[PDB]
2 protein chains.
Amino acid sequence: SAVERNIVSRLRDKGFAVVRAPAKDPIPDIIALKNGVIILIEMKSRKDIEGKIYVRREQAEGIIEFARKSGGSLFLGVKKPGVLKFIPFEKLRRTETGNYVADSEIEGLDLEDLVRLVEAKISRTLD
Amino acid sequence: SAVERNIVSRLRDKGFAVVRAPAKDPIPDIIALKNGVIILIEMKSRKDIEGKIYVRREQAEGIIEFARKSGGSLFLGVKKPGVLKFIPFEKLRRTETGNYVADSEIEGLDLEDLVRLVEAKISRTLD
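Residues numbered from 1 in each chain as written, not as in the entry; some residues may be left out. Chains lettered and ligands numbered in written order. Heavy atoms only, no water.

The deposited coordinates for this entry were obtained by X-ray crystallography, with a reported resolution of 2.40 Å.

A separate point is the packing of aromatic side chains. Residue and element names in this part refer to chain B. Evaluation of the coordinates by the stated rule reveals two aromatic pairs over all chains. Geometrically, the ring pair formed by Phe89 and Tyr100 is tilted, given 5.6 Å between the ring centres and 45 degrees between the ring planes. Of this pair, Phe89 sits in the loop between β7 (83-88) and β8 (93-94) while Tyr100 sits in strand β9 (residues 100-101); the two residues are 11 residues apart in sequence, bridging distant segments of the chain. The class for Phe89 is buried, based on a relative accessible area of 5%. (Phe/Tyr/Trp six-rings, centres within 6.5 Å; stacked < 30°, edge-to-face > 60°. Helix = DSSP H or I, 4+ residues; strand = E, 2+ residues; numbered from the N terminus. Buried < 20%, exposed > 50% of the residue type's maximum accessible area, 1.4 Å probe, protein only.)

Contacts between chain B and chain A engage 22 residues on the former and 20 residues on the latter. Approximately 1,500 Å² of surface area, both sides summed, lies buried where chain B meets chain A, with 71% of it carried by carbon and sulfur atoms. Per-residue buried area on chain B facing chain A is highest for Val19, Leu33 and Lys69 of chain B; these three make up 32% of the total on that side. Between the two partners, chain B and chain A, sit zero salt bridges. On inspection of chain B and its partner chain A, the count reaches six residue pairs in polar contact. Put simply, the parts of the chain that give the side of chain B that touches chain A at least two residues each are β1 (17-20), β2 (30-34) and α2 (57-70) of chain B. Among the residues making up the side of chain B that touches chain A, the classes are represented as 11 nonpolar, five polar and six charged. (Contact = heavy atoms within 4.5 Å. Buried area = accessible area lost by both parts, 1.4 Å probe. Salt bridge = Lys/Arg side-chain N within 4 Å of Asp/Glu carboxyl O. Polar contact = N/O pair within 3.5 Å; in protein donor to acceptor, adjacent residues only side chain to side chain. Nonpolar A, V, L, I, M, F, W, Y, C, P; charged D, E, K, R; others polar.)

Following this line, the structure appears as structure tokens:
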């Protein structure tokens with residue numbers, strides 16, 4: 001919420017047209033658009049007792065479907081102390097039940113790494 | 001509102017990832033994404049002395065800016081009896097006051113014509 005408004009504000013300053021999903025089918029929390037590049041950021045997640053991050057099957061599938069249909073890149077936003085990290089959703093492990101977990105090995109991207117991937121996609125589209 | 005929910009439902013049936021702008025630097029009412037194609041639909045408008053649909057300067061400029069930033073195609077949705085028409089925002093006439101009006105001549109697209117333009121843009125991207 002304060003985290004969401006902060007990401008939104010920072011993506012808007014970076015020239016993105018940003019929309020926060022309103023409150024049946026799940027829509028990623030943040031939709032950021034810049035010159036044909038669609039970035040989808042999921043801020044909601046669950047944690048196990050140990051801190052293993054996961055997204056339940058139905059939530060995950062809904063946002064994956066939103067991503068798949070939109071042609072946008074989906075990320076799971078992870079709250080760290082004073083920083084946000086973004087895991088490409090394809091880096092999460094799908095469990096036999098269909099839940100998506102962020103394994104400990106997981107390399108998170110910072111907002112700046114995301115914007116750089118966006119600027120790179122923008123440059124690949126012209127070329 | 002009932003019109004908005006209807007467009008959303010129809011675009012979702014057509015394979016679009018759709019988000020309604022929440023309840024400000026403006027966000028178009030409807031954002032529909034399909035395979036890299038960004039469609040922005042403005043439903044809110046006013047009627048002038050001649051019964052012509054228009055968008056006020058500040059609202060228009062904000063949604064035009066959202067479209068420029070996002071790389072999406074902006075449309076003004078016009079409620080006709082029993083039908084919805086979509087005018088590409090670039091077809092609207094900018095008045096002396098900076099308002100954007102839909103001239104009588106400009107016959108918009110129906111939702112199906114929009115989807116066809118989207119499917120065509122999707123096919124041009126592969127080729």
